[PDB]
Amino acid sequence: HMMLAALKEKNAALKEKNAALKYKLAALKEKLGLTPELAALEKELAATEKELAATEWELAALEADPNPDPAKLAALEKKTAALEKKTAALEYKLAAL
């Protein structure tokens, strides 16, 4: 439960970051036009968003489980860390524009 509570908080921060990146992306599209780089970053943001939605389903099932599988919890933890790195990389690509 302790490790699952932290994963829920990390997921919450990731959804908030993804939303703000959406508004930054759209703002950059206005300032610079639809450049091929922005189109690539939008495609990467849309993908990352879909993986974030999928892992929230895993959080919910693990929360409902009276004895949550440590293996599934560890799989979610590594997936959350990968998405945190992917989102931070996308944030840097956007800030560089």
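Computed from the coordinates by the stated procedures, all read-outs in this text should not be read as laboratory data. Quick reminder, even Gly has a Cβ in these numbers, built from the backbone with ideal geometry, and neighbours come from all protein chains shown.
I'd like the full set of residues that are in a helix (DSSP H, G or I), among the hydrophobic types (A, V, I, L, M, F, W, C) and without any contact (Cβ under 8 Å) to a residue 60 or more places away in the chain, limited to the range 82-97.
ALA82, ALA88, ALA89, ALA95
Limited to the range 62-74, what total is found for residues that are surrounded by 13 or more Cβ atoms within 10 Å (Cβ to Cβ) and in a helix (DSSP H, G or I)?
The qualifying residues number 4.
Within the range 1-54, count every residue that is more than 18 Å from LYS78 (Cα to Cα) and in a helix (DSSP H, G or I).
Number of matching residues: 28.
Return the only residue of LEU45, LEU7, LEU21, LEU14 being closer than 16 Å to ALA95 by Cβ, out of contact with any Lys or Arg (no Cβ under 8 Å at 6 or more places or on another chain), in contact (Cβ under 8 Å) with a residue 12 or more places away in the chain and not small (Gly, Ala, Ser).
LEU21
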